[PDB]
Each structure stands twice: as structure tokens, then as C-alpha cells.
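Protein chains in written order, with the authors' numbering: chain A, 2 to 741, 751 to 1037; chain B, 751 to 890; chain C, 397 to 445; chain D, 2 to 13.
Where is the CB? At the ideal position from N, CA and C, for every residue including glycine.
Reading through the C-alpha cells given below for one structure.
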Amino acid sequence: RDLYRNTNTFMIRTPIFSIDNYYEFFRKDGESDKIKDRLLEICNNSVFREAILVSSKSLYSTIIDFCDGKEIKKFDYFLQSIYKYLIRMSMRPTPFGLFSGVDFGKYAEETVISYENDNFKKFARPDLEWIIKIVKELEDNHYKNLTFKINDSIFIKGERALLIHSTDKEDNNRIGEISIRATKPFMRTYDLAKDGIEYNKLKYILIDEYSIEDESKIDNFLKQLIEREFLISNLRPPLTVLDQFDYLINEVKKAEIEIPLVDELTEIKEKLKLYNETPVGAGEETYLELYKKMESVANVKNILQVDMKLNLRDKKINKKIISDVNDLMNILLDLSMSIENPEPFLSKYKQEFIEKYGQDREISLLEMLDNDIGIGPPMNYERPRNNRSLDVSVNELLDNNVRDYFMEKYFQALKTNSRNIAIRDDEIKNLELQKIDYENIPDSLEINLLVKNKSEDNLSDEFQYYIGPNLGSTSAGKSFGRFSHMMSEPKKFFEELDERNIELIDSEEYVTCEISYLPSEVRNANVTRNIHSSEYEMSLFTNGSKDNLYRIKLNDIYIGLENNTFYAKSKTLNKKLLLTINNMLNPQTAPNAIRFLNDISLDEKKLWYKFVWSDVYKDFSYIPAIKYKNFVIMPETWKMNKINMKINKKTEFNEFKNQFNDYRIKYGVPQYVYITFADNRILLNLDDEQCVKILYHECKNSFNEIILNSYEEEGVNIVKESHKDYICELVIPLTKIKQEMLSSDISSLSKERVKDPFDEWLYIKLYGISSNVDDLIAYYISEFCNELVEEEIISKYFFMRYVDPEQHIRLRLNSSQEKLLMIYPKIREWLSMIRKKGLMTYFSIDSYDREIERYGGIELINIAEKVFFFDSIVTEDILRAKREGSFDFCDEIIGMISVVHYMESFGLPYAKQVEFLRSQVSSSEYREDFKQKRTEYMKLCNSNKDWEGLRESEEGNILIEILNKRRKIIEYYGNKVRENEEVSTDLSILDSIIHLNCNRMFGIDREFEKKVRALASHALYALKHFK
Amino acid sequence: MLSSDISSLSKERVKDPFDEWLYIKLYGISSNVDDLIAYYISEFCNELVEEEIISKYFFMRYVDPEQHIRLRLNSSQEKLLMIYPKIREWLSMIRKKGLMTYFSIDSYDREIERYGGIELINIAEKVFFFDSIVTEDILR
Amino acid sequence: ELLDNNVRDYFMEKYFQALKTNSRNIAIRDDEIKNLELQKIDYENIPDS
Amino acid sequence: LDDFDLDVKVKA
């Protein structure tokens, strides 16, 4: 069955030259060989000259000098650069500058793609660095005329206010945190400028409210706030508008500042429009005039950004291509189930979150990621690193059968001298892998494909697909975002994507939100300009396109765990957020907050281009192509190391050449390969190409990503201009087909939650008790603590067993601070006496962190702490009686009786008990044979009358009399729990108290508790006859 | 020095909480150290020393997974129990400003053999006191 | 156990070239081990017997 | 310190 459906359109990419210009230049279509001539015959090409001008001006000047016949200094670096750019313009589809272009097609019944006469329109727009330089200058000089607003990434921690990063730089290093003292005037400003305020309106209000008496004090205060970007002006353009330059012009006109600049900007706008009308190759003179004019306003390294559009005549493809992608995705998602732990760092972070905050709380995003007041970021995050000494070892737990399956394939391929590895559906089905759930399939994806017609002998749509080097993306619309200004109507595309995303999720609880942020290196933001159709927006360090009604803030997001998967929520909206980022920004370079928000949008979803074999074959220096029907998922790859290529940094050419031919003959490297960073396609039977390769190899440590890939050397291309072939790449966006108490307001350091030592609670941890726990609890703790309770020095106590690396006992005493400090001298004597007998080693006094939300809130936990007290008394009595020999029941029988007694007294009716115990899966089959003692269990676990089946003997009578001390308090607690209306699913509390009781009686043992629950469920199920 | 006869649980080696030593660990102080030490710990502890409630103190920085400050105060058990209520107020005031999160009271395990035996450890613990004072002054 | 990467590459290349030529053995040599540039062993780490 | 003093602290 098909999992994915196509959208309304796709993208086409094609370089500016045909592949004929590549073979003609490397003396393939002509046998003549010569360094110059061809170099002069290309450097005088108009299209080549302009394409170089738009990208590298220095090389353009050097080309002009060379054409003038002047003395070129190097002439080696010159030749290498010219060769690399010519190869890129002929053979690399990826769009950049005037080297390559983009267009948008449609699906149909037949494939026809053709070129029009008027190709290659230009789309020139000012760079972001230029605009930001102008904006900063304006707001530095004319701040008095501007309107300012508060930054959305601000975080107030105690008496300091912080930002996640800074757009500026410290000397020559980035700024990872700026903190200022959050004084009273700062808070007043933080309230006034919440949604925008004029400079004078704020300044005079502050002067009125403080009287300062020195105006230069307020001016410096506000200027210091503005310089550090705590206040954002209205001149700064959004990244999610369709035109940043027009927005800036309108804003400066509104402010009425720097009149000379306003007319100059309009002149630049007018000139910039003319350049967009010239054909490619004819705009050299206009570009220079425009560049000279623009550089006079603000001189920066990057001034103009240029893109071009193919403008094809026909752009249809056969809709059969969507079936093949579905087959590929079926097999790729089937294999994904062989890896058990695909995200180890996030899986560890979930455990840290659960250990710290439990599962019934929602924690602020910025507090959670803080090193001091949180748990820090995951252990692989590079922006502020976790300063804790945790273990970073990780293991993805690949299945052994699949690992063996992929090694036989490699061995067979080597033995038979085959160049490819073919995987098949029937072979994968024999591995008996687990099935994937509809909840783990990603909602949308994109895939990059190079399509080549299999053969011209039949004139038929037999297509051969090669997955592109980048493999696509994890969401539909990420690749299309950058080109929003070139689409005919971009809104309809993103509106459809948003509608489909909403269709796939439960409504009335979710909203869509777009994350936009302006990095420190504003050069990286040129790819972040894009449109979106999400309902809300969060813009950091820039203005937003939305009204203040649809504005989100970083200090408003709250994180939680539901079904063991993270989610984000907005406190003000009370809606969960469905976060989107419609651009190819690399998360790993972003701050921790942005990177974390990106991660949890893919939480528990399989990543389709994380291949299983990548870990099996990582140690090999040769890997054959991996194929599936008519897909080449991976190309054939060779890589060089110090063993097979002994190259020194001082190695001379003509010795590398002779050493490299041995490599070619030994490993069978074909004639055409890709050098897979930036130099790409290379013809190895050409001296200049090997010169390129030695220059690249020597610099790149001789191992640093020197990976050769085979060329797509079968089939023919599908895009033709008259009779010239063009290399074409498709980007196919797909969407999934649809198949049918946390509101607590207690802060983390509230006096209700954390109790300091002797703050009404004395919390003691006893170490070194492993071998004598039962005797200690039964005889020593019991007597001393009960004597304290009777004397009225403490009101109650309870204990439990835990493990922080080492095993210990946690004992908590409740009384006033004065009494707790009064009896401590006697507690020391007691513990010294206990130690002298070898029953313990040492102890500590710790802070008590109460689990308010886990036990029903602030009003009900005070009763859970009495339930714990009576349960501790009962545990002591049972252990003492068991050691004295009063009864001889096994551990399992005691556990079962205790669980049944808890459920019966809490008020859970029999109709629910078997469902309740089965809810943890334990009751399925696991201990059906172990219940071979059916009769004894059925007699003991029946609670009819007054446990009549248990009171038949003195042992059972004693056991049931010990337990009844615990009944009235549990009944009271259950009544109060079910009386509350804010508390839902009281079955969560019952499970917690049962877990605690089992821990007290038997310690840390998961398997034993599972067994006890399973046996209890089976025993209760068999008694269905007696109700 | 390996011939030491002091047992592992000897009263000379392991000191229980308030057993002539009050040993406190402060958590959540990563970002504001050199201000906590320079201004807050210094003024409170030196004031205690001048009033003769404690005879000496010293501190160090460590990491048990999480980073913290270890602060050790020396006095008799009676004075340590009498002055503790004021220490809680001090630490609450420090927390309210966001300088720390929470603390614990632990057992002091002395390194007798590392600093020359049972007669010289008592002088190493004064070397530590004066070095802590000098560190505070330099940071300030 | 932190095995060196050069030695891992050395043995993987040996195995590959053994499979390709259909040979039944892998031969290690003193001069080949010399070029790996390994650390020298101390007299205090050599087993006594 | 006065209310208008912002003790700027920067990490780099």
C-alpha cells in the first residue's frame, strides 16, 4: 500500500551550459590538446564573464587582465579556478548565482521538458549584510526618531536578564550570553515597550517616574540597551516578508530621517530594476554601475545576491514517478526497524528529564536548558556545553541478523567482482523485522532525484533514478522556501502545505508556529528569507510580519512528556505548538533553544535517509553501489588513507602521478569520478584534473573527506534544447496519507516544594547498609523512630530504598525546626551505635524535594505522607514477623496479598482491577504456567467476607491482622482523591503508592514486581465466578 | 607513610555532621562564582570568625556530576547547632537572588596520610584557611 | 580499548587484497609493521615468562 | 550601585 501522496508541483534544476561544452573543452569531442587557446576561447565568452562577475569580482579582474595580454602572476591558481568554474557551470545542477537556475513544473500523463528561446531571467536583490549595515547606521545616528520594541528572546533569571546570543561580536569571538542587572527602571521599560513605544514617550516617562535630574543618565541607559539589542527598532526588516528592501524604504519614509538617503535608496531601487531586464551575458556594464552606486551608501564585502529562473516551455513529468518513490519508501522504512536506539543522546535526555521533573510537570524551555537552574542541554550540543561530567557513550543497537545480512552481500560482491549490491523485498521479509507503526512515519519529506531515460532504443518512459548527493530533507517546503520570490504565487503552495499538516493532527489542541531568527553572521541569513502560512510566528532579533495578537515569545514555551515523547506548549494560548522552519538552516549551528525546538518536532519519527548499512560499511575503503530495482540509493565510493596512498605534504608531482595510477589499477577506479566537496566531476585521463586532485588532496590532510564517487554513466538525459542534452534534477515533496494536572503553578524553588535541612523535615541517607537491610529496618529504625513518635518529638516518619550509584536508605522525620535541632545530638549517638556494629558506614543530611503534582496537588500530598507513614509501620511489622518465624509465606504470596489489599481498600471495584493490573502488559501471558499453584493462590487472594480463605490458619490470621493498620488511611485518601475534580485518572496515584509499597518491602527489583503483578492479575481473573 | 594505623571509620578520619565540623555543599553556582566567593561567602564567614563562633573555614570547587562549592566550618557542636538557624537565613537570601539553588550537609572525610599524618593535618587545615582568605582578596 | 586507526586500516587492506586475489592466507612482515610508526615497548611491560 | 547601572557580563 502507498504511504505518501504528491503535492501539486515540484522543482526542476539545470545548469546554464549543456554537457556538450564539457566534452568539447576537455578534448573529448576533439583530439587537439593545448593549455591556452581554449582558455582564451572561453574567457572571451560573455555568459561566462558575467557568471564569474556576479560571483567573484577578483577573478573577473584577473580575467580582464589576462584578456588584455598582461602578465598573470600565478597562472596556476588562475587555471585551476577557471577549470573548476567551467566544470561547475556545465555539470552541477545545484542552483547558485548565474551558474544554475530553478523552475517549477506539474504532473501529467507524459514527460516532456523543453527550453524556450528566452531563457534565464534574472532576480537580483540586495544582500542582507548591506541592509543590516544601513539599518545599524541609521539607528545609531537618528535613534531619537524611531520606535522601539522588546526583544522576544529575553530571559529573566533572578536579578539578571539574558539573551540567547548577540548579533554583534566580542573583539573577534562570538557572544554566547549577555547579562545585565535587571534594575527597577529596566523592568519599567520592559513593561512600557512590550508592544512598541516611541523614544521620547519612553524617555520622558522614565524621567517623570525617577526625576533623574540628569538627562544624560537616561540617554546613556537607553543607548546602552539599544546597542546590546535588548530593544529592537522598527527599521529592522522581517525575514518572512516578500521584500526586505521595500519595507526598509517605507519605514525610513515613515520616520522622516536622513532625507538625502531616502532619494538615493529610491534611485538604487530604480537602477536595480533595469538590471533585471537584461539578458544573461549582456549585463556586465549595468552590474558594475549598480555595484559602484550601492557601495557608496554602505561598503561591505557582499552587496548583491543574484538568482536566475530557467523559464522552460514545457515542464510536465509522468505521474508514474510517484509509485516508484512509494516502493522505495516502503522498503527503506521497513529496514529502519532494525535499529533500536536511533537517537541515543535524546533518549538519555528523556531519562534525565524524567528523573529530575517526573512526568506530571511542564518546565519552561529556557529554564530547562540552563546549566544552573535546569539540567543543561543534551550531551552533544556545542553551544553552551553541559558542564557536567556525564558519560557520553552511546550505542544504537543494530540487529545482529541485519548486520550479518549486509556482510554476506559485501563478501559476495567482492568475490564475484560485481560493482553493485542489490537488496530485495523477499530477502528483507525473511529477516522477520518488527512492523512500523503509523505514528512513527514522518508526516512529510522531500527527495532529490536525477532522472535519466534508460534507453533511446524504445522511446519509452523507462526511467533510471539516482538519489542526489544531499538526499533531500525532513519536511516538505524546506527546499522551496528560499525561492519564494521567484514562484508565480508562493502563498498557495504554503497554504496547501499548512492545510495538509493540520489535517494530520488532532485539532482544537494544536496551532502552527513559524520560528524565524536572525543569526550573528548575517551572511548565513541570506538563505533564511522565506514565506510561510503558519498561524503564529516567533521572530528573534528582528521584527515580525504578524500582528501582536499572533506573536509568540521564547519565555512562553513549556516542555512536557506525553507517551514518552516531548511536546511544546504555549502558556498564554493554552495550545500545543506545531513548529515549522521552512528553510534549510543547519540546526547544529544554532543556539540550544532553536536546536532543541527543531529536534522535538521530529521526536519518535523515523529519519528516512539514515541508512542501516552506513554503520556496517564505515570501516571499508571501497563500497559498491547499493541499488533497489530502478534506484541507485548510493554511488560507488572509494576513499584514500595513509596505507593505500602514502602521500606526504612535501610529495612532488610526477611521483603522486605514478603512485596514483597504481591505486587506479588496484581498486579499479573508473575514468570519471566526483571529488565530493566543491571540485566535483574530474576526468582522470587528463593532467589538469590530476593537478586539481593533488592540490585538493595535499591540503586536505590526504584523508580529510577525500572521497571519490562514480559518475552516472548509464542512460540518457531527459532535458534537451533542440539537440543538446542538459543534466536535470527533481525535488519531489510528498505528504502522508491519513489513516483513522499539568497546570500546576508551583515554582521549582517554591518554599512548598523544596525543604532545606531541618526545615520542618529531617532527611537522612544511610550508606553501607546492603547486607543487613531487613534486620536494620525491622529492629533498629523501627524502635527508635516509634519511640520518638510516642514521646511526641516527631509527628510521623517514612523510609524507602534507593540507589545513587551506591545503595542507601532514605529516612524522613517530620517535626518543627526547634525539636529537630533539639534531638539531633541523640540521633548522632544512635547512628554511632549502629555503625559500631557494622550495620552502616556513614550518612548525610539532604534537602527534601516534594512530589506535589504526582500525588494530587498541594492539598492531597499532606495525606499521601500519612499513607507512607502507616505503610512504613506495616512494612516493619511484616519484616519482623517474617524473621521471628510467625509465618512462612513466600515473597510472591506476600506481594500478591499486599497488592490485592491495596486495590480493595483504595475503592477500586473488581470490574476494573483486572484491567488495571493488565494495563502494564504484565498480565498478558508471562506467568500463566507459573500459576501452576492455582489452588493456593485462589484460596489466599479471595477477599470475600473478611478474607475468610486467609483466616483459616494462624499464619494467615496474623498476616491479615498486620495489614489492617493500613486500611482506614487509604480509604480516606481514595475518597479525597475521587472527590477532587481537578485530579483525573486516579489510577495513576494508585499505581504510584503500590510501587512505593513494593519498593519498601523488596527493594529495587523490577522483574519481581512485574511477576507479582502478573500473578495477582491471573489469580483475580480466575476468581471471576465469585465476583 | 603507607604504614598508617588509622582505620577507615576511625573517629579521627570521618566526622559526622556537626561533629566539630559543618560541611556544606552549594549547588547551582556555576555562572556567578567569583562574586559569591568574593562578596557573599567572604563577608559572612569572616564575620563569624571575628565573633568567635567558628575558629576557621576553607572552601574548594568540585564536581560530582554537577558543579558545586564545598564549604567547611570549624567549631564545637554546640556553637554549630546554635548558629545554624542564621545560616539558613543567609542561604535563603543568597538563593532569592538567583546565586544558588539548594544545598546539603555531608560527612567530612579527612585526608590524614596525604598531608603528613595526624600531627600535621591540623596545620594543613590552617594553611587552607589563610589561602582561602587570600583567594577571596585576590578575586575581589 | 582504543585501537589505532592506522593499524585498523592496515589489517582491513590486507583482508581486502586477500579476498580479491583469492588467496588463502594473510602475511604480515617486519618492514610493513615498521612503517606504522608505533610506540616502542618498555622493558617493564614485557611479561617475565 | 545606582538603578541605571547595568553590569554587563559577556561570554565569548
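- With a beta-carbon spacing of about 11 Å, residue 807/B and residue 820/B fall beyond the 8 Å limit used to define contacts.
- In this structure the segment 305-324 of chain A touches the segment 7-22 of chain A; the number of beta carbon pairs closer than 8 Å is three or more.
- The segment 653-724 of chain A is shown to contain whole alpha helix (DSSP H) runs of 4 or more residues at 657-668 and 688-700, in chain order.
- Residue pairing for residue 225/A: DSSP places it in no beta bridge.
- Taking a cut-off of 8 Å for Cβ pairs, the segment 719-739 of chain A and the segment 446-455 of chain A touch, as three or more such pairs fall below it.
- A contact between stretches requires three or more CB pairs, one per stretch, nearer than 8 Å, and the segment 769-779 of chain B fails this requirement with the segment 841-852 of chain A.
- With 16 or more other Cβ atoms inside 10 Å of its own Cβ, residue 94/A counts as buried.
- As DSSP reads the structure, residue 106/A sits in a beta bridge with 11/A.
- Residue 387/A is classed as buried because its beta carbon has at least 16 other beta carbons within 10 Å across all chains shown.
- For the options 763/A, 346/A and 419/A, the alpha carbon positioned closest to that of residue 601/A is the one of 346/A.
- As DSSP reads the structure, residue 127/A sits in a beta bridge with 305/A.
- When CB distances to chain C are screened at a threshold of 9 Å, the residues of the segment 406-427 of chain A falling below it are 412, 415, 416 and 418, in chain order.
- Within a 10 Å sphere around the beta-carbon of residue 97/A sit fewer than 16 other beta-carbons, which makes this residue exposed.
- Exposed is the label assigned to residue 439/A, since fewer than 16 other Cβ atoms lie within 10 Å of its Cβ.
- Residue 122/A is bridged by DSSP to 310/A.
- Under DSSP, residue 635/A shares a beta bridge with 627/A.
- Between residue 780/A and residue 805/A, the beta carbon gap of about 30 Å keeps them out of contact (Cβ cut-off 8 Å).
- A Cβ-Cβ distance of about 4 Å is found for the pair residue 725/A and residue 19/A, placing them in contact under the 8 Å criterion.
- Proximity of chain B to residue 764/A at the Cβ level (cut-off 7 Å) is accounted for by 852, in chain order.
- Annotation: residue 232/A to residue 151/A spans about 5 Å, alpha carbon to alpha carbon.
- Collapsing the DSSP output to three states places residue 93/A in coil.
- Taking a 10 Å sphere around the C-beta of residue 184/A, we find 16 or more other C-beta atoms and assign the residue as buried.
- Under DSSP, residue 560/A shares a beta bridge with 364/A and 569/A.
- Distance from the CA atom of residue 188/A to the CA atom of residue 542/A, rounded to whole angstroms, is 19 Å.
- Inter-residue distance for residue 68/A and residue 290/A is about 21 Å (C-alpha atoms, whole angstroms).
- Boundaries of the alpha helix (DSSP H) harbouring residue 414/C: 401-416, taken from the DSSP string.
- As a beta-bridge residue in DSSP terms, residue 445/A pairs with 736/A.
- The C-alpha of residue 2/D is placed about 55 Å away from the C-alpha of residue 797/A.
- Between residue 645/A and residue 409/C the beta-carbon gap is near 6 Å, inside 8 Å, which marks them as a contact.
- For residue 171/A, the chain D residues whose C-beta falls within less than 9 Å of its own C-beta are 11, 12 and 13, listed in chain order.
- In terms of beta-carbon proximity, residue 831/A lines the interface with chain B, with at least one pair separated by less than 8 Å.
- Cβ-Cβ distances below 6 Å link residue 562/A to 360 in the same chain, with the five nearest sequence neighbours on each side left out; the list follows chain order.
- Cβ contact annotation for residue 859/A (same chain, cutoff 7 Å, sequence separation greater than five): 763 and 764, in chain order.
- Residue pairing by DSSP puts residue 16/A in a beta bridge opposite 101/A.
- If only uninterrupted alpha helix (DSSP H) runs of at least 4 residues are considered, those enclosed by the segment 941-979 of chain A are 944-950 and 964-973.
- Looking at the backbone, the Cα of residue 507/A and that of residue 839/B are separated by about 50 Å.
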